[PDB]
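Participant: Got a structure for you, questions after.
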Amino acid sequence: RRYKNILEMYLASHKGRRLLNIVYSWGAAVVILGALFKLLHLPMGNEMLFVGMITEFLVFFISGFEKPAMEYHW
Amino acid sequence: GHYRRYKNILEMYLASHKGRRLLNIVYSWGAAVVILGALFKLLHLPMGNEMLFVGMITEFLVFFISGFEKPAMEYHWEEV
Amino acid sequence: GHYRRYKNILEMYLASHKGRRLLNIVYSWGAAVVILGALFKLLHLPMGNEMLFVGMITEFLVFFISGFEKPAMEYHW
Amino acid sequence: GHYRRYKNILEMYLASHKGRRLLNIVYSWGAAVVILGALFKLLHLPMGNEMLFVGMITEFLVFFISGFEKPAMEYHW
Amino acid sequence: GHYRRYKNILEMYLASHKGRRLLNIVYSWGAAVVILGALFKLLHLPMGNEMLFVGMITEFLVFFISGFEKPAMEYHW
Amino acid sequence: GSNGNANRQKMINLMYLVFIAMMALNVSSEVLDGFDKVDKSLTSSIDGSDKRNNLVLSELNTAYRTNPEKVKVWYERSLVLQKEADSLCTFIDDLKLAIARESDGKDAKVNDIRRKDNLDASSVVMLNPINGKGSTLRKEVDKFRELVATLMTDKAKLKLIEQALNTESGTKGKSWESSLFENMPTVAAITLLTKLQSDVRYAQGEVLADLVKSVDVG
Amino acid sequence: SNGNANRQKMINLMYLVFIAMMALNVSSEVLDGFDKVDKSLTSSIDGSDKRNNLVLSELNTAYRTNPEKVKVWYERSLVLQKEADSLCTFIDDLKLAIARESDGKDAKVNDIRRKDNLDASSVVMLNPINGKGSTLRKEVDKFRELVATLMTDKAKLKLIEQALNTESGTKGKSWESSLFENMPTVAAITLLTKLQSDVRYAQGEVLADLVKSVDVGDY
């Protein structure tokens, strides 16, 4: 809508990607550990699925606005 | 003779930045909605299936229209 | 010989543009069918169980024919 | 706050030639153990419930430690 | 002691062009066998569990052995 | 981005399919269908118990026909038991057709026909303030327990057990008529009502047993 | 043969969703339904056990007075009970084994099964090395048609019996996997309780028809 170009350059920023990658990876890790708790009936495990899946939703949603890596011919 | 000869023009969009923009956006939004639908599928929350459906159908449509991207060249190098 | 004839003709076929284009087309369409079948089986929808098998057979064929090709390069420059 | 020093030294270690080698071992062996866990759960091999536990925890660690690698785009204009 | 004097002849063969092809090819039909065995297990048809077993073992072996290799590349300007 | 790896990619390549197959095996399980088999077994138990207890009642009324001076009140009480238990079980049998009505169509069967297991099917039939029969079901099955308790000569072997299935007071929060089935598939509801009918016939069986031992001694 | 820009992303996404998707099962209300149903199933098996152990007493009393009339009946009733009770004991021990596998070595089965694992009934049934399912299949098959060889079976007569504890399943696989593959643990105990229930019902019906045939000759 409005000037989301700041977010767009943040995703393309050399410092944005490290945060992007780490949040993706840690969200995946917490999703997996929460699932592991869920099929073992362990405390506060069912909740950890939510904090990981919402993290994954947020990371993909914000990633929706990045400039794609254009394919290179030779 | 007015239905089949359209892949040539369709591939042009795939080679265009606007086409890449559109496919990437629809892909990422579809992935997000699929993930949240999976969340509502595990946790037996009201609107799980009705939205996993739309997510995966959008993803399937993306790949159905993205099967025409010919160029994936290996790009051999004969240098030293 | 006789089995190596088909092996070599297929190896060439998986290098030409048309053959490799068909490989890409199946490489993506099988994935699409896999998505759709997983969806339909997951949601318990009619006539979706079959296309999961269709996509799985497609991926089996891809893995089969993916063996005759040479992905390898090293820069060190 | 002191953990950020631990994370910084760990991040600079993972890029090291000696250390980045270990990343291949952890990835591949985690892949092997999760293959074993998936086999045990899928084929009903006894005492695989612990095998599934170790597979899931190992590839959880695989995802976690992957958060320190840094990729680059280096676009050619 | 002599712990390391058993695995010093695998690193060069894994990256050997004749060896890279062997590793990828055994991986390829291993994966194909896994897919086809899963297919039979889904269809209830017999003689699929054994193929799952052999495919899982083949993948575990190929992934474990592939843990000894050193890839590295990077650019700048 | 946010996808690439080094060698886990081959792991990614071959495993998304294997986990999909594992999920397909997981979903294709007969866990929901597994209510059909318990339904059949429970139904066989129901009509077997019906045969047994109506045979006992037939013997009881045969004994009455010759000499009624020993037993009159127990006879009338047992006949009222039969009338009320038959009323309840027939009410439940006529019920659970409504849950099958939109299950697949107006020509549904409550024997094996489900054709699908949808969650949003029982709340709209029995958990509504307009057409929801849960209040009627609750306030009619509580009648059975209160009649088999208050009117009876309760004892340890008598009505101190069957409340485990004649609960009438479930857990905190959700009401009993909703605790039994709030978000729960179609055939599950039919199987549960089948178990209710079996429990009613069971309790009738013990009550007639008590009356038989009371008349033989009396 | 992999250089796609998005196929990698979709396979990673499917990986995440479906490794997480392994957690699913029927809702906690469904498992509670399973438990509340098989409590009544346990009540029914207890009732059938009392009933047929009761009806054995008449066989005993008749054999006390007129044994020559039941030389061909009392011994077959005794054996019938012997294998029926052996099969039910095997089922109960197997149920306890499943419960112990599910939660732990200290877990009990009657109500203390505090778990719903899917991969805790297949492991004990569909075990390639020592799966009891095949042994259960063969033993229940042995008990089947043994009732048939015990009284002159007819359609109006006990044909529903062998039509109840069958072995037929979906085309391809018998109920070694049609009753214990990837189902929640509580479902496995519930269905084994169903097996105990219908073997008790079969036993009750066959003692009923043997005693009826005894009465036919005795009358």
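Ordering of the structure tokens sets the chain letters (A, B, ...), residue numbers begin anew at 1 in every chain, and ligands are numbered from 1 in the order given.
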Which neighbours of residue 16 in chain B fall inside 12 Å, counting only C-alpha atoms, when residues of the same chain fewer than 6 positions from it are skipped, and could you give them as a VMD selection string?
Facilitator: (chain A and resid 68 70 to 71) or (chain B and resid 9 to 10 22 to 23 69)
Participant: Would you save the residues of that selection, restricted to N, CA, C and O atoms, as a compact mmCIF listing (two decimals), in the first residue's frame?
Facilitator:
# COMPACT_ATOMS: atom_id res chain seq x y z
N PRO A 68 12.61 -10.70 -6.00
CA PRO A 68 13.13 -12.02 -6.32
C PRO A 68 14.49 -11.95 -7.00
O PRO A 68 14.83 -10.97 -7.68
N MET A 70 16.61 -12.38 -9.72
CA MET A 70 16.38 -12.54 -11.15
C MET A 70 17.39 -13.52 -11.75
O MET A 70 18.57 -13.51 -11.40
N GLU A 71 16.90 -14.38 -12.64
CA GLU A 71 17.73 -15.39 -13.26
C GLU A 71 18.70 -14.75 -14.25
O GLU A 71 18.37 -13.78 -14.94
N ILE B 9 3.49 -16.71 -25.63
CA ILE B 9 3.27 -15.45 -24.95
C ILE B 9 3.27 -15.63 -23.44
O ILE B 9 3.68 -14.73 -22.70
N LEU B 10 2.83 -16.80 -22.96
CA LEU B 10 2.80 -17.05 -21.52
C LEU B 10 4.22 -17.09 -20.95
O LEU B 10 4.47 -16.58 -19.85
N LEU B 22 4.72 -11.43 -9.51
CA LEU B 22 3.41 -12.01 -9.23
C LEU B 22 3.54 -13.43 -8.71
O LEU B 22 2.89 -13.81 -7.73
N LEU B 23 4.39 -14.25 -9.36
CA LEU B 23 4.51 -15.64 -8.93
C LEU B 23 5.12 -15.73 -7.54
O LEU B 23 4.66 -16.53 -6.72
N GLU B 69 8.07 -22.68 -17.60
CA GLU B 69 9.35 -21.97 -17.58
C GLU B 69 10.44 -22.87 -18.13
O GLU B 69 11.03 -23.69 -17.41
Participant: Pairing the C-alpha atoms in order and superposing chain D on chain E, what is the resulting RMSD?
Facilitator: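 Fitting chain D to chain E over paired C-alpha atoms yields 2.0 Å.
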Participant: What's around residue 42 in chain E at 9 Å? Count only C-alpha atoms, leave out sequence neighbours fewer than 3 positions away in its own chain, and write the answer as a list in words.
Facilitator: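 Near residue 42 in chain E, the qualifying residues are residues 53 of chain C; 37, 38, 39 and 45 of chain E; 21, 22, 24, 25 and 28 of chain F.
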Participant: Take the residues just selected and output them with N, CA, C and O atoms as a compact mmCIF listing (two decimals), in the first residue's frame.
Facilitator:
# COMPACT_ATOMS: atom_id res chain seq x y z
N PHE C 53 -1.10 -41.42 -5.73
CA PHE C 53 -0.31 -42.50 -6.31
C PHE C 53 0.25 -42.11 -7.67
O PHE C 53 1.37 -42.48 -8.01
N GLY E 37 8.44 -48.60 -2.76
CA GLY E 37 8.01 -49.37 -1.60
C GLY E 37 6.92 -48.67 -0.82
O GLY E 37 5.97 -49.31 -0.35
N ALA E 38 7.04 -47.35 -0.66
CA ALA E 38 5.97 -46.59 -0.04
C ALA E 38 4.69 -46.71 -0.85
O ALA E 38 3.60 -46.85 -0.28
N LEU E 39 4.81 -46.67 -2.17
CA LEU E 39 3.64 -46.85 -3.03
C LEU E 39 2.95 -48.17 -2.74
O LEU E 39 1.73 -48.21 -2.54
N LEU E 45 -0.64 -53.78 -1.41
CA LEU E 45 -0.07 -54.89 -2.14
C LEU E 45 1.19 -55.41 -1.44
O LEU E 45 1.93 -54.63 -0.83
N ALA F 21 3.74 -39.92 2.31
CA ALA F 21 3.21 -41.28 2.35
C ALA F 21 2.88 -41.70 3.77
O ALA F 21 1.89 -42.40 4.01
N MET F 22 3.72 -41.30 4.73
CA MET F 22 3.45 -41.60 6.13
C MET F 22 2.17 -40.93 6.60
O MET F 22 1.37 -41.53 7.33
N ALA F 24 -0.32 -40.13 4.60
CA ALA F 24 -1.40 -40.83 3.91
C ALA F 24 -1.76 -42.12 4.63
O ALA F 24 -2.95 -42.47 4.75
N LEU F 25 -0.76 -42.86 5.10
CA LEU F 25 -1.03 -44.03 5.93
C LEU F 25 -1.72 -43.63 7.22
O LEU F 25 -2.64 -44.31 7.69
N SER F 28 -5.38 -42.60 6.33
CA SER F 28 -6.17 -43.74 5.85
C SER F 28 -6.48 -44.74 6.93
O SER F 28 -7.08 -45.77 6.61
Participant: As a list in words, could you give me every residue of chain G near chain D (at most 12 Å apart, counting only C-alpha atoms)?
Facilitator: residues 12, 15, 16, 19, 20, 22, 101, 102, 103, 104, 117, 118, 119, 120, 121, 122, 123, 124, 125, 126, 127, 128, 129, 130, 131, 177, 180, 181 and 182 of chain G
Participant: So that I have them on file, write out the residues from the current selection with N, CA and C atoms, as a PDB file, in the first residue's frame.
Facilitator:
ATOM      1  N   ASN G  12      10.841 -27.838   0.828  1.00  0.00           N
ATOM      2  CA  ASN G  12      11.105 -27.467   2.219  1.00  0.00           C
ATOM      3  C   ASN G  12       9.812 -27.170   2.972  1.00  0.00           C
ATOM      4  N   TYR G  15       8.088 -30.355   3.722  1.00  0.00           N
ATOM      5  CA  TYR G  15       8.823 -30.970   4.817  1.00  0.00           C
ATOM      6  C   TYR G  15       8.364 -30.423   6.154  1.00  0.00           C
ATOM      7  N   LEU G  16       8.353 -29.097   6.290  1.00  0.00           N
ATOM      8  CA  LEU G  16       7.974 -28.492   7.563  1.00  0.00           C
ATOM      9  C   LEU G  16       6.552 -28.872   7.945  1.00  0.00           C
ATOM     10  N   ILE G  19       6.314 -32.847   8.630  1.00  0.00           N
ATOM     11  CA  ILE G  19       6.976 -33.279   9.853  1.00  0.00           C
ATOM     12  C   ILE G  19       6.209 -32.762  11.059  1.00  0.00           C
ATOM     13  N   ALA G  20       5.626 -31.565  10.945  1.00  0.00           N
ATOM     14  CA  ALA G  20       4.699 -31.115  11.974  1.00  0.00           C
ATOM     15  C   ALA G  20       3.384 -31.876  11.894  1.00  0.00           C
ATOM     16  N   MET G  22       2.786 -34.831  11.508  1.00  0.00           N
ATOM     17  CA  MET G  22       2.821 -36.128  12.169  1.00  0.00           C
ATOM     18  C   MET G  22       2.152 -36.094  13.532  1.00  0.00           C
ATOM     19  N   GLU G 101       3.710 -51.007  26.280  1.00  0.00           N
ATOM     20  CA  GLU G 101       4.486 -50.364  25.224  1.00  0.00           C
ATOM     21  C   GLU G 101       4.101 -48.896  25.096  1.00  0.00           C
ATOM     22  N   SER G 102       2.805 -48.596  25.193  1.00  0.00           N
ATOM     23  CA  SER G 102       2.319 -47.242  24.947  1.00  0.00           C
ATOM     24  C   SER G 102       2.939 -46.240  25.913  1.00  0.00           C
ATOM     25  N   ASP G 103       2.675 -46.403  27.209  1.00  0.00           N
ATOM     26  CA  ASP G 103       3.142 -45.437  28.199  1.00  0.00           C
ATOM     27  C   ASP G 103       4.490 -45.839  28.794  1.00  0.00           C
ATOM     28  N   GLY G 104       4.554 -47.010  29.416  1.00  0.00           N
ATOM     29  CA  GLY G 104       5.797 -47.455  30.018  1.00  0.00           C
ATOM     30  C   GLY G 104       5.619 -48.807  30.673  1.00  0.00           C
ATOM     31  N   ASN G 117      -0.926 -42.856  21.676  1.00  0.00           N
ATOM     32  CA  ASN G 117       0.039 -42.942  20.585  1.00  0.00           C
ATOM     33  C   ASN G 117      -0.483 -43.792  19.437  1.00  0.00           C
ATOM     34  N   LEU G 118      -0.173 -43.355  18.217  1.00  0.00           N
ATOM     35  CA  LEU G 118      -0.482 -44.140  17.031  1.00  0.00           C
ATOM     36  C   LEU G 118       0.523 -45.270  16.851  1.00  0.00           C
ATOM     37  N   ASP G 119       1.813 -44.952  16.936  1.00  0.00           N
ATOM     38  CA  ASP G 119       2.866 -45.947  16.779  1.00  0.00           C
ATOM     39  C   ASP G 119       3.138 -46.684  18.084  1.00  0.00           C
ATOM     40  N   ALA G 120       2.083 -47.183  18.717  1.00  0.00           N
ATOM     41  CA  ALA G 120       2.222 -48.031  19.887  1.00  0.00           C
ATOM     42  C   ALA G 120       1.300 -49.236  19.837  1.00  0.00           C
ATOM     43  N   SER G 121       0.508 -49.383  18.784  1.00  0.00           N
ATOM     44  CA  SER G 121      -0.254 -50.592  18.515  1.00  0.00           C
ATOM     45  C   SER G 121       0.249 -51.332  17.293  1.00  0.00           C
ATOM     46  N   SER G 122       0.700 -50.602  16.274  1.00  0.00           N
ATOM     47  CA  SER G 122       1.332 -51.241  15.128  1.00  0.00           C
ATOM     48  C   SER G 122       2.612 -51.952  15.546  1.00  0.00           C
ATOM     49  N   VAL G 123       3.394 -51.320  16.426  1.00  0.00           N
ATOM     50  CA  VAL G 123       4.662 -51.893  16.867  1.00  0.00           C
ATOM     51  C   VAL G 123       4.454 -53.261  17.492  1.00  0.00           C
ATOM     52  N   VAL G 124       3.376 -53.434  18.247  1.00  0.00           N
ATOM     53  CA  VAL G 124       3.107 -54.734  18.848  1.00  0.00           C
ATOM     54  C   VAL G 124       2.354 -55.655  17.890  1.00  0.00           C
ATOM     55  N   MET G 125       1.576 -55.103  16.959  1.00  0.00           N
ATOM     56  CA  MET G 125       0.847 -55.930  16.001  1.00  0.00           C
ATOM     57  C   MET G 125       1.628 -56.135  14.708  1.00  0.00           C
ATOM     58  N   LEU G 126       1.922 -55.051  13.999  1.00  0.00           N
ATOM     59  CA  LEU G 126       2.595 -55.148  12.707  1.00  0.00           C
ATOM     60  C   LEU G 126       4.108 -55.143  12.870  1.00  0.00           C
ATOM     61  N   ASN G 127       4.596 -56.041  13.715  1.00  0.00           N
ATOM     62  CA  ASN G 127       6.022 -56.170  13.951  1.00  0.00           C
ATOM     63  C   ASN G 127       6.593 -57.214  13.005  1.00  0.00           C
ATOM     64  N   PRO G 128       7.542 -56.860  12.138  1.00  0.00           N
ATOM     65  CA  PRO G 128       8.071 -57.850  11.188  1.00  0.00           C
ATOM     66  C   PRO G 128       8.802 -59.007  11.846  1.00  0.00           C
ATOM     67  N   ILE G 129       9.279 -58.851  13.079  1.00  0.00           N
ATOM     68  CA  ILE G 129      10.097 -59.886  13.702  1.00  0.00           C
ATOM     69  C   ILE G 129       9.245 -60.819  14.558  1.00  0.00           C
ATOM     70  N   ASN G 130       8.486 -60.269  15.505  1.00  0.00           N
ATOM     71  CA  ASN G 130       7.665 -61.089  16.392  1.00  0.00           C
ATOM     72  C   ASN G 130       6.298 -60.451  16.605  1.00  0.00           C
ATOM     73  N   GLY G 131       5.693 -59.951  15.532  1.00  0.00           N
ATOM     74  CA  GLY G 131       4.361 -59.387  15.624  1.00  0.00           C
ATOM     75  C   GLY G 131       3.322 -60.404  16.039  1.00  0.00           C
ATOM     76  N   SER G 177      -3.648 -55.528   9.868  1.00  0.00           N
ATOM     77  CA  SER G 177      -3.362 -54.122   9.648  1.00  0.00           C
ATOM     78  C   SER G 177      -4.604 -53.266   9.470  1.00  0.00           C
ATOM     79  N   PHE G 180      -5.075 -52.366  13.401  1.00  0.00           N
ATOM     80  CA  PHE G 180      -4.016 -51.919  14.296  1.00  0.00           C
ATOM     81  C   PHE G 180      -2.902 -51.136  13.606  1.00  0.00           C
ATOM     82  N   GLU G 181      -3.136 -50.564  12.431  1.00  0.00           N
ATOM     83  CA  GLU G 181      -2.115 -49.762  11.768  1.00  0.00           C
ATOM     84  C   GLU G 181      -2.415 -48.285  11.967  1.00  0.00           C
ATOM     85  N   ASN G 182      -1.486 -47.579  12.613  1.00  0.00           N
ATOM     86  CA  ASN G 182      -1.563 -46.130  12.790  1.00  0.00           C
ATOM     87  C   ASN G 182      -2.878 -45.696  13.424  1.00  0.00           C
TER      88      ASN G 182
END
Participant: Using only C-alpha atoms and a cut-off of 10 Å, which residues of chain F sit close to chain B? Please list them as a PyMOL selection string.
Facilitator: chain F and resi 119-120+183
Participant: Write a file of the just-selected residues containing N, CA and C atoms, as a compact mmCIF listing (two decimals), in the first residue's frame.
Facilitator:
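See selection-v1.txt below for the written result:
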# COMPACT_ATOMS: atom_id res chain seq x y z
N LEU F 119 -17.67 -32.81 11.28
CA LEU F 119 -17.74 -32.33 12.66
C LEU F 119 -18.98 -31.47 12.89
N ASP F 120 -19.30 -30.59 11.94
CA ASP F 120 -20.43 -29.67 12.08
C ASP F 120 -21.74 -30.35 11.70
N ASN F 183 -17.76 -31.30 19.60
CA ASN F 183 -17.14 -31.31 18.28
C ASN F 183 -16.73 -32.76 18.01
Participant: Please determine the contact residues of chain A with respect to chain G at a cut-off of 12 Å, counting only C-alpha atoms, and supply them as a compact mmCIF listing (two decimals) with C-alpha atoms, in the first residue's frame.
Facilitator:
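Generated file (part.txt):
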# COMPACT_ATOMS: atom_id res chain seq x y z
CA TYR A 24 12.98 -18.97 9.74
CA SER A 25 15.37 -21.60 11.10
CA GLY A 27 10.77 -21.12 13.91
CA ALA A 28 11.27 -24.44 12.15
CA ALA A 29 13.21 -25.75 15.15
CA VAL A 30 10.53 -24.76 17.65
CA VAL A 31 7.80 -26.21 15.39
CA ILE A 32 9.66 -29.51 15.31
CA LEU A 33 10.32 -29.60 19.05
CA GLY A 34 6.70 -28.68 19.76
CA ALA A 35 5.52 -31.53 17.54
CA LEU A 36 7.92 -33.85 19.38
CA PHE A 37 6.39 -32.77 22.67
CA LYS A 38 2.89 -33.20 21.25
CA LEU A 39 3.33 -36.86 20.34
CA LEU A 40 5.00 -37.49 23.72
CA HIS A 41 2.46 -35.73 25.99
CA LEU A 42 5.05 -33.44 27.52
CA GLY A 45 4.49 -28.62 24.26
CA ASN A 46 1.14 -28.06 22.57
CA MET A 48 5.05 -24.36 21.36
CA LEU A 49 3.40 -25.43 18.11
CA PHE A 50 1.52 -22.13 18.04
CA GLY A 52 6.39 -21.66 15.90
CA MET A 53 3.63 -21.80 13.31
CA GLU A 56 6.53 -19.25 10.20
CA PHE A 57 3.44 -17.38 9.02
CA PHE A 60 6.70 -16.03 5.00
CA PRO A 68 13.13 -12.02 -6.32
CA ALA A 69 16.61 -13.09 -7.40
CA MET A 70 16.38 -12.54 -11.15
CA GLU A 71 17.73 -15.39 -13.26
Participant: Just list as an NGL selection string whatever in chain B DSSP marks as alpha helix (DSSP H).
Facilitator: :B and (7-15 or 17-42 or 49-65)
Participant: When you draw a straight line from CA of residue 30 in chain B to CA of residue 55 in chain B, how long is it in Å?
Facilitator: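 Atom-to-atom, CA of residue 30 in chain B to CA of residue 55 in chain B, that is 5.1 Å.
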Participant: Using only C-alpha atoms and a distance of at most 7 Å, pull out the residues of chain C that contact chain B, as a ChimeraX atom specification.
Facilitator: /C:21,25,28-29,32,35-36,39,43
Participant: Put those residues in a file: C-alpha atoms, as a short mmCIF file (atom, residue, chain, number, x, y, z; two decimals), in the first residue's frame.
Facilitator:
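As written to disk, result_16.cif reads:
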data_model
loop_
_atom_site.label_atom_id
_atom_site.label_comp_id
_atom_site.auth_asym_id
_atom_site.auth_seq_id
_atom_site.Cartn_x
_atom_site.Cartn_y
_atom_site.Cartn_z
CA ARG C 21 12.36 -29.46 -21.27
CA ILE C 25 7.76 -30.18 -17.25
CA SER C 28 7.13 -29.62 -11.87
CA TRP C 29 3.82 -31.26 -12.83
CA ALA C 32 1.92 -30.24 -8.43
CA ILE C 35 0.57 -31.36 -3.63
CA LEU C 36 -2.98 -31.88 -4.87
CA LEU C 39 -4.36 -32.12 0.00
CA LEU C 43 -9.00 -33.54 3.77
#
Participant: Using CA of residue 74 in chain E and CA of residue 17 in chain D as the two end points, give the distance in Å to one decimal.
Facilitator: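 According to the coordinates, CA of residue 74 in chain E and CA of residue 17 in chain D are separated by 12.0 Å.
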Participant: Return as JSON lines the residues of chain F lying at most 12 Å from chain A, together with the closest atom-to-atom pair for each and the distance in Å to one decimal, counting only C-alpha atoms, with rows in chain order and ascending residue number.
Facilitator:
{"residue": "F:1", "atom": "CA", "partner": "A:68", "partner_atom": "CA", "distance": 8.2}
{"residue": "F:2", "atom": "CA", "partner": "A:21", "partner_atom": "CA", "distance": 5.9}
{"residue": "F:3", "atom": "CA", "partner": "A:21", "partner_atom": "CA", "distance": 9.0}
{"residue": "F:4", "atom": "CA", "partner": "A:21", "partner_atom": "CA", "distance": 10.1}
{"residue": "F:5", "atom": "CA", "partner": "A:25", "partner_atom": "CA", "distance": 11.4}
Participant: Just want the 10 Å neighbourhood of range 52-62 of chain G, counted on only C-alpha atoms, with same-chain residues fewer than 6 positions away dropped. Output as a PyMOL selection string.
Facilitator: chain G and resi 69-70+73-74+77-78+81+200-201+203-208+210-211+214
